[PDB]
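First, one chain by itself in structure tokens, the form deposited without its partner chain.
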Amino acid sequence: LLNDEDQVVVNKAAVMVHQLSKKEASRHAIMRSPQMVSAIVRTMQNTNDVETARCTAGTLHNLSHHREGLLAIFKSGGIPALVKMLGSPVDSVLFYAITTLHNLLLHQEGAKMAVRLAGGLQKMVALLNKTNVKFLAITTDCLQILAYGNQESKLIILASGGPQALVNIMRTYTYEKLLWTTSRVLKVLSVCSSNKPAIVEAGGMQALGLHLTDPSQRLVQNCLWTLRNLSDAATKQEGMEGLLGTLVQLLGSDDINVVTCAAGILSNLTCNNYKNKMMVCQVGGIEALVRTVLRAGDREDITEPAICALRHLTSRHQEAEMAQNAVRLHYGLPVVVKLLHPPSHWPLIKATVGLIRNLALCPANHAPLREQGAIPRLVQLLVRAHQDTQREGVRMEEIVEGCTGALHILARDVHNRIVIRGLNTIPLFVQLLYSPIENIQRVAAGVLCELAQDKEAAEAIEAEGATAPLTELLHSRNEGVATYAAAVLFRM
């Protein structure tokens, strides 16, 4: 435990320091002392001889294995030095630098702030165009460590072009450890409102889709979690066919986290996207989602997104009618009505009411929905929800609008109209005409319009004093409201 000096024009000093760092005995003596540790750093940070830099970086690396060696480099200002070396043209130096930084980030307290201040994030993002996978795996892990729970770092990663670079890695490499660490960076970034659209624009959804049948469960699951974050209100994408097919297959997985994510992504991607609705139906998505709901039982983390996806798939696309029938044909009607009952919570009830509204568009579903008891439960929901509004999550006004809307469609059928009227709903429907909410006025006037095609019901509506509020509604700025109001008035 002796030498501690050195001088300009000589680097045989470093070439002797290094070997001592291999032997733990001498290694503890050199790191217990803040003497030449600082004198190691200056060398590395300054010289233009390539072999001294790697000898210097190599030494710092060997010291990073011990709690005090980390402290040594840290207190000695090794972090800005190490970050500077991330610009080195020697692969061996780059590798020592990122690895030492990695060790500091893992164990040394204060290292993360120190790396951020030193401009580490920008340098690490810039290194994502390198081609060595073990190097990329360390680099992306440093980024995960620095980005997690740190919004500031996330925005810097975005500004530096992180999303495209990470997406390119997922589209390029097969090395599992690298794909997994890169997916964890994307997962962290995917909850940032700025990073999310950037990742989508980079083609991140399609890229993550590539890995959904990888043998590595941790890789699949991270891709799924990230996809669920990204898919929520994304721009319309091309080349989604493969991803959509795989998600439908994943619904049948024995892993509940896989099923939950698959349903949620399918829900997100099908919302108002008729192209995606079509593709999903074409690969048997209705059957798969119904099976998923049936198997899920009272697990609302699965049923809620699955029912939302079914709601999307049963509306407003070329095969919507086929889908409406398919829910019935795959034995789905009884469970859908069941989900309107306790123990279902409000989000699930809201989604289920919406699905039933779409299913009722299909005449062949009118009788089975009635037989399964959809009508009285929808009425009870509506009555209680209306009372609640008149006295954060789901607003009861949404349940009022939803149930009335479902009853509006079910009322196309003559037997359903008899049941609906038989439940003393006309007085409530008329009171809903007075609602502040145009959407509620609309379905209320709509259901009254269906009911009023039968003479006996037309008289009951008139007797309920509907004429006055309907006349007010003739002048509604909402053309749908005005049209239904005019139609009820006519039938009376």
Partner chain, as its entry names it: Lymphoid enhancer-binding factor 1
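Between two forms, the rigid core is the largest collection of C-alphas that superpose within 1.5 Å. Numbering follows the first chain given and starts at 1.
*Asks:* Decide which of the stretches 68-76 and 261-269 has the higher mean C-alpha B-factor, going by the entry.
*Replies:* For C-alpha atoms only, the mean B-factor is higher in 68-76.
*Asks:* Decide which of the stretches 47-55 and 435-443 has the higher mean C-alpha B-factor, going by the entry.
*Replies:* Here the higher of the two C-alpha B-factor means belongs to 47-55.
*Asks:* So if I compare the CA B-factors in the entry for 457, 466, 37, 449, which one is the largest?
*Replies:* Most elevated C-alpha B-factor of the set, per the entry: 37.
*Asks:* Which one of 210, 157, 359, 94 shows the biggest C-alpha B-factor in the PDB entry?
*Replies:* In the PDB entry, the greatest C-alpha B-factor among 210, 157, 359, 94 is found at 94.
*Asks:* Is residue 194 in the lowest, middle or highest third of its chain when residues are ranked by C-alpha B-factor?
*Replies:* It belongs to the middle third of the chain when residues are ordered by C-alpha B-factor.
*Asks:* Using the B-factor values recorded in the entry, state whether the Cα atom of residue 99 falls in the lowest, middle or highest third among the modelled residues of its chain.
*Replies:* Its C-alpha B-factor, which the entry lists for residue 99, ranks in the highest third among residues of this chain.
*Asks:* Which third, lowest, middle or highest, does the CA B-factor of residue 236 fall in along this chain?
*Replies:* Its C-alpha B-factor belongs to the highest third of this chain's values.
*Asks:* Taking only the Cα B-factors deposited for this chain, tell me whether residue 184 sits in the lowest, middle or highest third.
*Replies:* As the PDB entry reports it, the C-alpha B-factor of residue 184 lands in the middle third of its chain.
*Asks:* Can you work out whether the C-alpha temperature factor of residue 401 puts it in the lowest, middle or highest third of the chain?
*Replies:* Bottom third by C-alpha B-factor.
Separately, the form deposited with its partner chain bound exists; it is not shown, and the next lines address it.
*Asks:* Kindly confirm or deny that 325, 461 and 463 each have some heavy atom within 4.5 angstroms of its partner chain in the deposited complex.
*Replies:* No, because 325, 461 and 463 lack any heavy atom that approaches its partner chain to within 4.5 Å in the deposited complex.
*Asks:* Taking its partner chain as it sits in the deposited complex, is residue 386 near enough to touch it, meaning that at least one heavy atom pair lies within 4.5 angstroms?
*Replies:* Residue-level check for residue 386: no, no contact with its partner chain.
*Asks:* Hey, in the deposited complex, is residue 92 touching its partner chain, heavy atoms inside 4.5 Å?
*Replies:* Contact check for residue 92: yes, within 4.5 Å of its partner chain in the deposited complex.
*Asks:* Using heavy atoms and a 4.5 Å limit, would one call residue 397 a contact residue for its partner chain in the deposited complex?
*Replies:* Residue-level check for residue 397: no, no contact with its partner chain.
*Asks:* Find out whether any non-hydrogen atom of residue 416 is located within 4.5 angstroms of its partner chain in the deposited complex, and reply yes or no.
*Replies:* Contact with its partner chain, no.
*Asks:* At 4.5 Å, heavy atom to heavy atom, what parts of 248-272 sit next to its partner chain in the deposited complex? List them in sequence order, or say none.
*Replies:* In sequence order, 264, 267, 268, 270, 271, 272 come within 4.5 Å of the partner.
*Asks:* With both forms fit on the core, is the shift of the CA atom of residue 256 between the shown form and the other one 2 Å or larger?
*Replies:* Residue 256 C-alpha, core-superposed: shift of less than 2 Å.
*Asks:* How does the CA gap of residue 235 and residue 281 change in the deposited complex versus this form, closer or farther, if it moves 3 angstroms or more?
*Replies:* Here the pair is farther apart than in the deposited complex; there, closer.
*Asks:* Kindly indicate if, in the deposited complex, the C-alpha atoms of residue 344 and residue 233 are closer or farther apart than in the structure shown, bearing in mind the change is 3 Å or more.
*Replies:* Between the C-alphas of residue 233 and residue 344, the gap widens in the deposited complex (3 Å or more compared with this form).
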